[PDB]
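Once you've had a glance at the structure underneath, I'll fire off some questions.
Chains: A, B, C, D, E and F, in written order; residue numbering restarts at 1 for each.
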Amino acid sequence: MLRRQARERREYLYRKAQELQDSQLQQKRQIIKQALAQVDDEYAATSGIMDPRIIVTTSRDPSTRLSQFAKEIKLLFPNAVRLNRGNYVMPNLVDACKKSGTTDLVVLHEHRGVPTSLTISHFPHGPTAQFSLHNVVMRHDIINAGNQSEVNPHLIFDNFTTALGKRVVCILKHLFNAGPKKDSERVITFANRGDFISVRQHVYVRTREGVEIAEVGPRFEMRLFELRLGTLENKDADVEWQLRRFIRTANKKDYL
Amino acid sequence: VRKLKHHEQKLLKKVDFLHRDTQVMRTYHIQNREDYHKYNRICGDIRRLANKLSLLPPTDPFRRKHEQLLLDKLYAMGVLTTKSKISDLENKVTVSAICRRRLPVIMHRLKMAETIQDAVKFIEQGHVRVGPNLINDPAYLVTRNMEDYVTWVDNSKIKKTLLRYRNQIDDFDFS
Amino acid sequence: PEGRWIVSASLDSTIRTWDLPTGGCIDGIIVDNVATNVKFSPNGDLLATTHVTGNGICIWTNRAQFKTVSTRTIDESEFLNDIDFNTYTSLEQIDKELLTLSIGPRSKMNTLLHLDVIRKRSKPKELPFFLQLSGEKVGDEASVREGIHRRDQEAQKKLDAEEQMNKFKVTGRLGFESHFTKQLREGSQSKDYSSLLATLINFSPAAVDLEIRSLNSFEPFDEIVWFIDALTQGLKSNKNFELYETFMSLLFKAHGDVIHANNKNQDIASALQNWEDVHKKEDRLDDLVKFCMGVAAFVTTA
Amino acid sequence: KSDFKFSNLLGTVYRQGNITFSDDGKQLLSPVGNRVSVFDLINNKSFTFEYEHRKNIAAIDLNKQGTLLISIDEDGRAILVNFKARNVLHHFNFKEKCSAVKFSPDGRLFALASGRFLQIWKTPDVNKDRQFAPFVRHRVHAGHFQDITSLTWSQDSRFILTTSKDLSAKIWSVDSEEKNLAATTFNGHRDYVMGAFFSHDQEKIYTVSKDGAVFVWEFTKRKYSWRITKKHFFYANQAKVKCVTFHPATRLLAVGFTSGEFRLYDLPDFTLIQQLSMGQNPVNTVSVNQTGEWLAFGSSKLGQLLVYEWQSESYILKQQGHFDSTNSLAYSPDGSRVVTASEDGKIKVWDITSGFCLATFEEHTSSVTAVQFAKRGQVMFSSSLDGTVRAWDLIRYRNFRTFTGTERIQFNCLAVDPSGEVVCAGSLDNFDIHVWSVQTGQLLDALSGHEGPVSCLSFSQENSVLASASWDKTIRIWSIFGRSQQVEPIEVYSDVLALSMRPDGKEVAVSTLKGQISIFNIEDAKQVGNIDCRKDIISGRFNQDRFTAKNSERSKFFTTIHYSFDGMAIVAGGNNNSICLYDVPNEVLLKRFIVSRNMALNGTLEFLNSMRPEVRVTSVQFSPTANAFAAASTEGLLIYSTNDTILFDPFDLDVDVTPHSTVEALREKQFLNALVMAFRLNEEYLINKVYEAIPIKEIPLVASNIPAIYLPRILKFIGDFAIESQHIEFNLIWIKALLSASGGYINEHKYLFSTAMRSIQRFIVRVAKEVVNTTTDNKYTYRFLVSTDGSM
Amino acid sequence: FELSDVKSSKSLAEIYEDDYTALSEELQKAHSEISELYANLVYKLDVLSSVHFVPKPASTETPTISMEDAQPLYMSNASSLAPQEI
Amino acid sequence: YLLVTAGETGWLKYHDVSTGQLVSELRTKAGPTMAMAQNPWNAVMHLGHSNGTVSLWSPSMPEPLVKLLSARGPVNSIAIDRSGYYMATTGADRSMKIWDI
């Protein structure tokens, strides 16, 4: 089985290299496409066929505020289960998740009660995105307001342009649930404003004239800063994209 | 027959009734000229079947379903490792690809035996197995899942000296 | 090795064989040398004995293996036949009140019921110089716009049957009256159809269906009345009850329309009345089967 | 209990060589690769002979008086057996490869076409005691130039026609004087000669060629000798005559070509009575009944056998064995049907009572790997390497739903819910148990949790839980119903590869790769205990080996387990040459059978005398009648049974319990006492005698007075006697009386009367319900035909 | 479809007799040829990659008998049809 | 350098062994060729059929050059002098013929 995982990660590396070369070939062929006149590989194998399942888990010995926030993310997603890592090593954690059969993992990290990091991993040797999440506001932080409606939610993505934006929107799209209802009530919005994407839950009713939304759920701006090829057990897998901080144009470059 | 000289050579330049076959027999240690002929004839059947399935009209549900059936079968066989093209079926299938899917090449690839003929000799003596049961013939194109589960047979002296060099013998499993 | 006999050799120069069920010596042999050892082969065929003189080991065979053996205590005699051969055939019929089925296979009834569909499913599988085309096939759309072989196949089938009839031309002189109808007519004369029941049970199923379908159905209905009389007598006789009722079902299959049209004739009505008398007597098997199936299912479930 | 005789072989109706009829014609003897099968055609039964051979049978002949059978393999080894006792009388060794055998119609002597010689031997006696050396040569003729390809006797035992590939037909005689009369040859012929037959008056000699020509010789005049009187010709494109047989008394010629066409002619007029094709494969042998009405056509390519009645054009039988190997087995919940599955996809359904092929199904493409039933006689599920799993009815014989995954992944093992609502299949390339629901059709779930492929699945059928055993060296007990979805992982020492659960549903036996069969208690997930198996396995040596058959771990384990229906025994069969029957509570083997002695199959010999078809047992199961177990192996489905009951197994005997005392109790009219004595003695003839002896009006008293110790045995006995007993009224009175007397006892010990109730309701459903069905049908048809108004 | 600019190998009487007399016969024969070739290929591959002995599959007018029958031979077709589907 | 291969289906194949090539392939209409010998001075082939006739063949033309009714039944054997003048045939009806070729 270890030989199985080694062989499959080697084939996955080759497939990602082939997809990169063919995407450069498509960028070459696009110039011809305007003279005469699609999803990723893993999310293509399981695009709309199977519905995903996620495990949202704490970092380690978490505070009550972080556990409340993990419960909040579990309530945001559909088909989520909350997991309290205590004395789970990371290899045994991802091994148990692979063995159980789980579409993805979301592990959280905080600082003195304030969440600051969130790493998502797709499990059949899929990619891991590490986001830094800053401006957290929880439902627990707001008020006793009821409960999340938990219906299969609609999705909204604003201002995702480059290939990095396509990667991120595909990752988050397939974290969500596939094939929602037309009159599905709650909509999750992913706004992009200069590398600081922001998410909000919103319920909406169509009035006698227009729409009227109520803001609920969590409220936080996250920002990607790593996208590794292998799963998060490795810490030696190749990096597909890495946020550069000590470069000259660091305070001006967007999507970098 | 006698390395006939110049003038008799020009008179009888075609009489010899007595080298890719011996080439692959040297480099990847195949058994037989007839073994190479078998693999090459098999690739010939694949080529002829490809030409006939192209001759069938391309907008045919029967043609496309039989084509993808053959593609998935050959991928399960593992002689090729991609799925997306048909030009890889008309060109990428080689005698070298099937002879590398052969068993002792897989053992040398998984670094079990250091040399190909040593892999052959271990298969003769009966020190390997594939899943539940053991294998005695070298001409054995191992499938994908079964090369994933190939290993030594238990309680064999080679596995004993493996675990002895690693100093991790465990005679409760009579390793 | 079957554990039914003990063979004991003893210093009175004897070898005895005891049957253990009856606890008695069934065989006794007086040998010259005292047999100091006796064993059986693990397969029950050889008996290996060693004596006090003779460097070999005598071997003996087993007529009990190749035959039956009378079990009578004859030890002192030297020096219920079902019991003595320890085999027991079953009785044919226990009592006249008891139902019985046919001595034979259990597929005969289903074969007799469904032999015709067996035929239908077991049959095997397999130019003029002056052409005559029509106004659409040739370009005659005027005749189209003012447009104004099954019998050949029927005649062809007549020709193939004629080919079969002229093909078979055996001139062997055969009897006029067949054996079945002769025995039936004799049974009707004797007012007892026991021999007819005998040959009916002993018939082959294809012969049964061919004869039953090729009964004669005229205005006096003599043959059909005799057949129903025979089946009533048989159901009173209470043997091969399955076969007699499947015979009557086959009769209603073949000659149903004729007997239905000529219903209410007094002779056929009285014959069917006797039939219904015996059948109404017979319904207790339906009763017992329903009870036993119900209780058995209830016990194995709850 | 612990004894099992080799009773039957299913599949491969005909394998190689001569097929013969009997004298009475009620039996057809057919060669299977090692043994000889007797198909009884009047009473619809099958039988197989218990003696094996050394190699494949090449020739067979039965004596005219129905007493002796000679069977010659490929090397002169000839076993000569008796019928009416079914034992091997002798076995001789004719050293040269014998071509054919025939018994003279006097029976005193038998001819033997061997090599190019013709040998003629006398036959030993049967009523004579077994002698040491009973064989004696009578004559050897050597007048051919090539091999004798056919043999025929005359109607009197005086003349023998040998037909040989020297284009020759030779008349020899058995006597010197008649040799001087006619030691005559017959030349002037085309490619080969395939038969030579005397006419009924024996003035005419027909010869049938391989080219397609029949020459009618006749002893006529031009001081005159054997003119070719007439020539008839068949006409086929390329089809050559491969088998001929001529029944003289009804002048029937039956020929079988190489294109599957067989033709029936009447010979002297040479008319074509009929012409039918059996397939695309050559018809290999033809036999005729004595009465000429029945014909037997064996084709050895697919192993198909036809028995025809050309009079009424009726197929008495048309079976065809499996081609490759019976890959899987499944009994019926009652035991009447046994379904099998090949490496080809042809799923067959055999009947047991008449050992025949009721049905087949060709809807799979590749090898069917497992076949199971439900706890109902309706459905049968089958899973193949195709990437699918289909669901068959056995009342309408049709698919319902071909369940699959999404990526067309190859299913090995199968399991069904006891109620019949959930179908689980375990692949090998995915190690996820897929679970479909039956009535909806779409898959419920993909149970994940193994690492490495699922090796076996099953459902314990009371709690309705499922064990999944896999090459992660684990068992995993899932409970999937009722909001929980919970898992119990048990580890073992090695790779597991077979599983079975108790009929009570408390324990699981798992046969692993080391050769130990462990047995676990489910509710504790603990180990009740294991039985070793690495010693008592008789592995075979291979002819292409480089090691010994002792230090080889080629087949040192058991890849198939099944329980008993008492939960007390275990059959184990693997790739080896042995079938082991263990007993669980004492943890020790009860029996070991050797599957086949055949040097042609690979894994048979232990040490060779100084690719090829290996022998291996695919799957073993018991019978729900608990008197038999079946083994699907590479030759076929062998069936071992205990219907012999030749064994004095008593039960709590005393000094006064004799059969004479039992009959004395019958005269004493102490019927309960006589029945208890008979069940103490446990001798089935005596039990039948007393059981039919006691009368009706005391059956309820006796059934109320039968003790609880003897209740399960009298239940099983009445069941297995009422199946083949014509006293259905008596048996139903007995069953009703026993159920009236003791029903609560059976409700409280339902597990103990399992096989008893199985067999009894099998009897009622199978033979009683059809009878009352026909009774009801006739009653209502009479009511209709008399009650309503007539026509016209 | 596509026309043929070659000379028609049949006369008017032959083409009108043809019109006077599976989608296409050549297509069906192509299906037979490719099916037998694929059967031979899968046989060769199972010979190579299998563990146990596998035989050759098969070999590739008149009244014919079908030996294997996918019904118990005494079950009528109307009786096999369900009462819902009729 | 020519390898004659008379067989059973009724057939005769001249196969050159130097170039390695089937030079001639003739079908024998009569039947399975029971006997065969070569005339060495002429280097032609003599077959002996099931009819009782010998037949003289060459790798050029697809008919026999000559046919001789020698005996009845099949011809068991034939032999030819080194000079290529006399033939001796034996046939299964207890017959022997001494021919001048």
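Criterion: contacts are C-beta pairs under 8 Å (C-beta built on N, C-alpha and C of every residue); 3 or more make two chains touch, one makes a residue touch a chain.
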| item | value |
| --- | --- |
| Between chain C and chain D, the fewest steps along chains that touch one another | 1 |
| Most remote chain, CA-based centroid, reference being chain B | C |
| Chain at maximum distance from chain D, centres defined as averaged CA atoms | A |
| Dominant chain pairing [most C-beta pairs in contact] | C-D |
| Separation of mean Cα positions, chain D and chain B [Å, integer] | 40 |
| Distance from the mean Cα position of chain C to that of chain A, given in whole angstrom | 77 |
| Inter-centroid spacing, chain F versus chain A (mean Cα positions, whole Å) | 89 |
| Residues of chain D whose C-beta touches two or more other chains | 276, 315, 452, 611 |
| Per-residue overlap in chain A, given as positions that touch at least 2 other chains | 4 |
| Junction residues of chain E, two or more chains touched | 61-65, 69, 71, 75 |
| Touching pairs among all chains present in the structure | A-B, A-D, B-D, B-E, B-F, C-D, C-E, D-E, D-F |
| Chain E-facing residues of chain B, complex | 42, 45-46, 48-49, 52-53, 55-56, 62, 66, 70, 73, 77, 130, 133, 135, 139-143 |
| Of chain E, residues touching chain D in the complex | 52-55, 58-65, 67-72, 75, 80, 82 |
| Complex interface listing, chain B residues touching chain D | 72, 76, 124-126, 131-134, 136-137, 144-145, 149, 153-155, 173 |
| Of chain C, residues touching chain D in the complex | 2-4, 20-23, 45, 61, 63, 65-67, 80, 82-83, 86-88, 90-91, 93-95, 97-107, 109-110, 113, 122, 124, 167, 206, 210, 241-242, 245-246, 248-249, 252, 256-257, 259-264, 269, 272, 275-276, 279, 282-283, 285-286, 288-293, 295-297, 299-300, 302 |
| Sites on chain E touched by chain B in the complex | 30-31, 33-34, 37-38, 40-42, 44-45, 48-49, 51 |
